[PDB]
Amino acid sequence: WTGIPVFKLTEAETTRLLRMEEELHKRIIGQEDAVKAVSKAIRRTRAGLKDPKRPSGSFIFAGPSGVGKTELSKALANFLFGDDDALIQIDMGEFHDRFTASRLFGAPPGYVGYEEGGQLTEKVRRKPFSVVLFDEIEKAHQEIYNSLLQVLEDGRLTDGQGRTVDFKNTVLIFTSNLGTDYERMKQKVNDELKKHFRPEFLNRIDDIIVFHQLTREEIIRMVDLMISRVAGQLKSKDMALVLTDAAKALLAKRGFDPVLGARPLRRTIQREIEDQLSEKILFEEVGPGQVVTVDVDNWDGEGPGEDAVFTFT
Amino acid sequence: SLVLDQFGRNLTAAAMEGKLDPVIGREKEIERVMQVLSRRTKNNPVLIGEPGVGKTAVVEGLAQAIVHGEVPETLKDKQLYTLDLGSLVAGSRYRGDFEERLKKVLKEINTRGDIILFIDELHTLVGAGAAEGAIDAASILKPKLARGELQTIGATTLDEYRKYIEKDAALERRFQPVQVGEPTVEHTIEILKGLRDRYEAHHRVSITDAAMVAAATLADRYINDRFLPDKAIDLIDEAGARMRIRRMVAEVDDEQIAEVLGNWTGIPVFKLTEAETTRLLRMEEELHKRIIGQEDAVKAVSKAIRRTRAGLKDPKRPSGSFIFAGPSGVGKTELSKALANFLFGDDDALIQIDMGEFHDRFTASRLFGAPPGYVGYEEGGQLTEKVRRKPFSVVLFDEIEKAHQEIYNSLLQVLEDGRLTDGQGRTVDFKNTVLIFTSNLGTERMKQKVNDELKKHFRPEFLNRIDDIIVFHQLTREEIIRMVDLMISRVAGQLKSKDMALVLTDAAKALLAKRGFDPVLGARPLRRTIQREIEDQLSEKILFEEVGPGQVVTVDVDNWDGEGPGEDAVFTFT
Amino acid sequence: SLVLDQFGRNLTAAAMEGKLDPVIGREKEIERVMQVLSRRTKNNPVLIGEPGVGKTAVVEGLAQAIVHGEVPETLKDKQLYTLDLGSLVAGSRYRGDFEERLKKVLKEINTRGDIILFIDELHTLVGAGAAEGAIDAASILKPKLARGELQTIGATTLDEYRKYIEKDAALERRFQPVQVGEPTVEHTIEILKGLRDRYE
Ligand SMILES: Nc1ncnc2c1ncn2[C@@H]1O[C@H](COP(=O)(O)OP(=O)(O)O)[C@@H](O)[C@H]1O
Ligand SMILES: Nc1ncnc2c1ncn2[C@@H]1O[C@H](COP(=O)(O)OP(=O)(O)O)[C@@H](O)[C@H]1O
Ligand SMILES: Nc1ncnc2c1ncn2[C@@H]1O[C@H](COP(=O)(O)OP(=O)(O)O)[C@@H](O)[C@H]1O
Ligand SMILES: Nc1ncnc2c1ncn2[C@@H]1O[C@H](COP(=O)(O)OP(=O)(O)O)[C@@H](O)[C@H]1O
């Protein structure tokens, strides 16, 4: 009826629940603490040992830019529901105007758009079990958090129409960017969160998670992850892509930076792999029925490699 | 059976001749309706769903299951009748007529005992003979539905359930929701493979498996206002209609589906033609017809559009996101205008938004509209509506420095996820647009200065979300000579409309270039030089009737050696 | 035709005597309209455009094409009737009269089968007669429009499409948009050369 997975735990489901850290790390390379906390929350919810009044979980993800904060929420939604559109993504970048908070709950009676109702409330009512992600919460004013103070503590939200919406079964994930070697970064982020947000709002959340920076090993694994997308894209055109280990190491070499996140690696793959591959595809250098073995020429693998060339066969 | 035929239609007898389309992949939802209809009291299911997910298809599949014999004993040999409330209301001038018709219908159902009733658009039940506060269809059906003597299957949209049914909490009580969710891509492919025979027979065409895979994938990916499997079936049906029109055995492949999608949405999803391929490989030159110099920026935009047109673009991100940062007059707006001219043929298709108007915190609501309960809520946003008009467009943000940070923080979601939500609640997709941000900031040393200024005036999130940051370089003498040539060419093109031709010697162009160079150039100066020394003197002469229409004018120079400053040189219009 | 004449106007018979202006350069839009009208399910096109760009002009050109017989075999010898929704709701004074007239019109269309409806201001279907005890024309037409047993061509402004039809997604599903854009300068000159004979 309600779509809430309250059943007897089958053996396959139980084994998948014990292994959810591995299944989340299938997509999220690194970020062990956040995956751990999300795993404990979901196991607590599915064990039946959960406080009925409070929601299933309430986290705030903080740290540098491009370290999987939205990716972890998307991966959690992909685990729970099987596809990423089931994630209720409501973004606080649209709420710089204090007047826009009505979009969360609705217009009061006697005003235009009263019959339609809110955006968050109706989407939560349609799917009582969902992962609700508030992106970039630092950007909205402190008024919008006052509407969420009730759902963080008692799991109820009153819309304009007067009906009560239950947030008891939803996982609420905030993603902020305050603050931006690990321990001082964690302390700075926690102090920034204390300064920016009221303590009465930071007490109602289950966990404050600081995302660690990306280093060489997780960036060289992300090389594999984000070239898998291009490989799957080429599989639709009767084409296959393979990288030599030199290609993987060179892509990881030009895409690693600690003062930024994971996006320069995507730019390196877009400019060094996808652009020349697109040029070769349109010039019919390689087409359907052929594989592309991308290699590195004029390089040794140890130096920085300012002059290595990507070769396509 | 003599009463229910007038006010309804027999769905089981419709499935007797196979007039109902086959229903594929709805085993769970049909079984849910079966196991709700088998209750003791209040055995009424309502198929709550989205427009075009197969809510009526579930009922037709149940009718096909009934006529086949797969059903259990409680639903065996049960005729399924869809009720036309408009046929009940019609012709009832007197209250006795309408209520007596409805009670004859109920009496026939209760007498025969083997009619399941189907109400498509159940929200028409709340007020049929009168308002919600009097005797109508709902007020007569409620006592029967509550005690469970009448088996009624409602069908209702999610929004119509929220709006009309949910206000009447009595009918909400008497119907259990059965969510008919949106089928996935593989489910849509299986559904399309189910409906090959009917469309092949009607269209007299042949449809391939790759055609249906492409139809489902493209309908899921590109169309963003409808729900599967309706849009994939729309593409298949319209391609079949195209083939039937074109012949008077056909073959429908992925190319016809892509062409139908291109007609529908304007997104150029096509198998690339030879002429268009040779255009795209050399389109740096076709850009360089207008834009002069700036090889890095032209090359970057060329790579982005080439990646987009060859199917190597990330489906969750826009086609490209660019920061054209540099000094004024270099051509930051001109490259975007030339790109719009290349992509669409006209410069008015460039969705241009000036950020000078967004210089105060209140104007951020212009882009995505007003929240509910405020003025301007119905009209919606200015940018979201413009992009919803055409999914494939070049969106320019002019003089990006003038705006305040709230617009940037609103457009971060556009830059990364390729989506924008208006105050109306709709989601508009920017995944097919080319987003350009022009900036005049920081003015190899220019690269560092511009990068540092953009670091200072922006948050790291906005600079991470941007694909390419291109610092436009200053103009040089050769390309400003080419600039002068281009301005003279356009002035001559304007002049041919008045039956006149214009030409300059090399000396006049060289003098214009010598009087038009400094580190602030472009057309902000040296178009004033054309406006002062060429255009204005020509206007004075034509208005004086000298060198009038019909005579070619040759602009020469006097009192100049061709090397000196030329401050004493005079333009002569022979 | 005894009942549909009282509520609509024939455009094929109008093009028989040439009371419709010639249509120049709209071969693509007319081809797209004949494309959508040739489908099996959801064969209802809606001409979406700016006010004054020729929405009714496209349909008049379609009627001229039908009477000239250059249309395909699926649209050969089919009468294009515009439906005057004001005249449908005109003499009712009651509650069951409008639904009776609409049902009778649909019965005549189904028993003839060679009639294509045309609705100026398609957005007027929602609330096309809505009393305390009445069901509007949209809910009557939707079961026929969904399966494809009724072929209707709508004409709608972009603002009217956004404000009204987009607010009713069930009705918006049944209609395939056909975007009639503003003609270019050369297209306008061609249209002017076409209409020059009539204006002289
Ligand atoms: N640990 C990770 N594993 C896989 N991908 C990652 C990881 N961290 C970041 N990414 C990449 O970063 C992008 C998401 O970054 P995001 O979490 O949205 O950063 P922010 O929230 O600061 O904008 C995704 O495209 C993803 O590919
Ligand atoms: N399982 C299925 N098998 C075959 N066709 C389907 C299936 N589901 C949906 N369709 C097609 O999609 C359309 C569904 O329309 P429907 O969702 O009933 O409209 P509404 O939402 O207005 O009730 C029908 O035309 C039907 O042909
Ligand atoms: N490289 C170029 N190619 C063609 N026209 C140019 C070029 N550079 C400048 N222009 C001229 O400059 C004008 C646009 O300058 P623009 O770059 O928009 O100024 P700003 O840098 O202040 O935005 C146009 O009218 C165009 O004629
Ligand atoms: N292709 C064409 N040939 C001739 N006239 C045209 C053409 N397109 C538009 N028109 C003119 O446009 C007008 C039709 O505008 P119309 O679309 O009916 O307005 P609205 O959209 O407000 O209903 C007519 O006067 C007609 O003369």
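Look up: the structure comes first, before these words.
In this report, the structure presented in the accompanying data block is examined. (Residues numbered from 1 in each chain as written, not as in the entry; some residues may be left out. Chains lettered and ligands numbered in written order. Part of a larger assembly, values for the part shown. Heavy atoms only, no water.)

### Thoughts on the packing of helix α11 (residues 196-203) of chain B against helix α13 (residues 230-247) of chain B
Residues and elements named next belong to chain B.
So, point 1. The contact between α11 and α13 brings their axes to 9 Å, and the two run at 25°. It follows from the interaxial angle that α11 and α13 lie roughly parallel. Relative to α13, the crossing made by α11 is right-handed. Side by side, α11 and α13 meet where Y199, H202 and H203 of the first sit next to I233, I236, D237, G240, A241, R244 and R247 of the second.
So, point 2. For the contact of α11 with α13, the per-class residue count stands at four nonpolar, three polar and three charged. (Axes fitted to C-alpha atoms, helices over the stretch in contact; angles between N-to-C directions. Helix = DSSP H or I, 4+ residues; strand = E, 2+ residues; numbered from the N terminus. Parallel < 35°, antiparallel > 145°, perpendicular 65-115°, else oblique. Left-handed = near helix turned anticlockwise from the far one by under 90°. Contact = heavy atoms within 4.5 Å. Nonpolar A, V, L, I, M, F, W, Y, C, P; charged D, E, K, R; others polar.)

### Considerations on the site of ligand 1
So, point 1. In the region of ligand 1, 18 residues are neighbours, and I29, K69, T70 and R263 of chain A together with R465 of chain B sit closest.
So, point 2. Mapping the residues adjacent to ligand 1 onto the chains of the assembly identifies chains A and B.
So, point 3. Between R263 of chain A and ligand 1, the recorded distance is 2.8 Å, taken from a side-chain N or O atom to an oxygen atom.
So, point 4. Against a free-state accessible area of 570 Å², the protein chains account for coverage of 91% of ligand 1.
So, point 5. The residue makeup of the shell around ligand 1, split by class, is eight nonpolar, four polar and six charged. (Near = heavy atom within 4 Å. Polar contact = N/O pair within 3.5 Å; in protein donor to acceptor, adjacent residues only side chain to side chain. Areas by Shrake-Rupley, 256 points an atom, 1.4 Å probe, with all protein chains shown as cover.)

### Some words on the interface of chain B and chain C
Interfaces are often sized by the amount of accessible area the parts lose when they come together.
So, point 1. Taken together, the contacts link 49 residues of chain B with 40 residues of chain C.
So, point 2. Inspection of the region where chain B meets chain C yields 13 salt bridges.
So, point 3. At the junction of chain B and chain C, the tally comes to 26 residue pairs in polar contact.
So, point 4. Secondary-structure elements contributing two or more residues to the side of chain B that touches chain C are α4 (55-68), α5 (85-89), α11, α13, α14 (254-265) and α20 (382-389) of chain B.
So, point 5. Counting residues per element, the side of chain B that touches chain C draws most heavily on α13 of chain B, which supplies nine residues.
So, point 6. Class assignment of the residues belonging to the side of chain B that touches chain C gives a composition of 14 nonpolar, 13 polar and 22 charged. (Salt bridge = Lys/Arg side-chain N within 4 Å of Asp/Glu carboxyl O.)

### Concerning the site of ligand 4
All names here are of chain C.
So, point 1. Taken together, 14 residues lie around ligand 4, and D21, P22, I24, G54 and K55 are the ones closest in.
So, point 2. Within the backbone of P22, one N or O atom sits 3.4 Å away from a nitrogen atom of ligand 4.
So, point 3. Here a nitrogen atom of ligand 4 sits 3.1 Å away from a polar atom, N or O, in the main chain of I24.
So, point 4. For ligand 4, the accessible surface in isolation is 570 Å², of which the surrounding protein chains cover 69%.
So, point 5. Listing elements by their share of the shell around ligand 4, those giving two or more residues are α3 (55-68) and α9 (185-199).
So, point 6. With three residues, α3 is the single largest residue contributor to the shell around ligand 4.

### A word on the packing of aromatic side chains
Aromatic ring pairs are described here by two measures, namely the spacing of the ring centres and the angle between the planes.
So, point 1. Going through the model one piece at a time under the given rule, you end up with 17 aromatic pairs over all chains.
So, point 2. Relative to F211 of chain A, the ring of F61 of chain A has its centre 5.0 Å away and its plane inclined at 50°; by these criteria the two rings are tilted.
So, point 3. Judged by relative accessible area, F211 of chain A falls into the buried class, the value being 0%.
So, point 4. Here the aromatic rings of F174 of chain A and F201 of chain A are separated by 5.6 Å at their centres, their planes lie at 15°, and the arrangement is stacked. As far as burial versus exposure is concerned, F174 of chain A and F201 of chain A are alike and both buried.
So, point 5. Positioned over the ring face of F342 of chain B is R279 of chain B, at 3.9 Å from the centre of the ring.
So, point 6. Seen from the ring of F344 of chain B, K390 of chain B lies directly overhead, with NZ or CZ sitting 4.2 Å from the centre. (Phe/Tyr/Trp six-rings, centres within 6.5 Å; stacked < 30°, edge-to-face > 60°. Buried < 20%, exposed > 50% of the residue type's maximum accessible area, 1.4 Å probe, protein only. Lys NZ or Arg CZ within 6 Å of the ring centre and 35° of its normal.)

### Some details on the pattern of salt bridges
So, point 1. Enumeration according to the criterion identifies 68 salt bridges over all chains in this entry.
So, point 2. The salt bridge involving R163 of chain A is made with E166 of chain B; its shortest N-O contact spans 3.2 Å. Linking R163 of chain A in the loop between β4 (156-158) and β5 (164-166) with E166 of chain B in the loop between α8 (158-165) and α9 (169-173), this pair reaches from one chain into another.
So, point 3. Residue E166 of chain B is classed as buried on the basis of its relative accessible area of 3%.
So, point 4. Note that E238 of chain B and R32 of chain C form a salt bridge whose closest N and O atoms lie 2.7 Å from each other. One end of the pair, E238 of chain B, is in helix α13; the other, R32 of chain C, is in helix α2 (residues 27-36), on a second chain.

### Side note on the nonpolar core
So, point 1. Ranked by size, the top nonpolar core spans 60 residues in total, and within it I207, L235, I236, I257, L287, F324 and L335 of chain B carry the most contacts.
So, point 2. By size, the runner-up hydrophobic cluster in this structure holds 53 residues, among which are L72, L87, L234 and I269 of chain A. (Core = buried A, V, L, I, M, F, W, Y, C linked by side-chain atoms within 4.5 Å.)

### So, the interface of chain B and chain A
So, point 1. Across the contact, 53 residues belong to chain B and 50 residues belong to chain A.
So, point 2. Summing both partners gives a buried area of about 4,800 Å² for chain B against chain A, and 47% of it is carried by carbon and sulfur.
So, point 3. For chain B, the biggest contributors to the area lost against chain A are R162, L312 and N464 of chain B; these three give 14% of the whole.
So, point 4. At the surface where chain B touches chain A, the tally comes to eleven salt bridges.
So, point 5. Close ionic contact of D275 of chain A with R307 of chain B constitutes a salt bridge, the shortest N to O distance being 3.9 Å.
So, point 6. Where chain B touches chain A, the interface holds 21 residue pairs in polar contact.
So, point 7. If you tally residues by element for the side of chain B that touches chain A, the top one is helix α21 (residues 405-417) of chain B, at seven residues.
So, point 8. Each residue belonging to the side of chain B that touches chain A can be placed in one class, and the counts come to 16 nonpolar, 13 polar and 24 charged. (Buried area = accessible area lost by both parts, 1.4 Å probe.)

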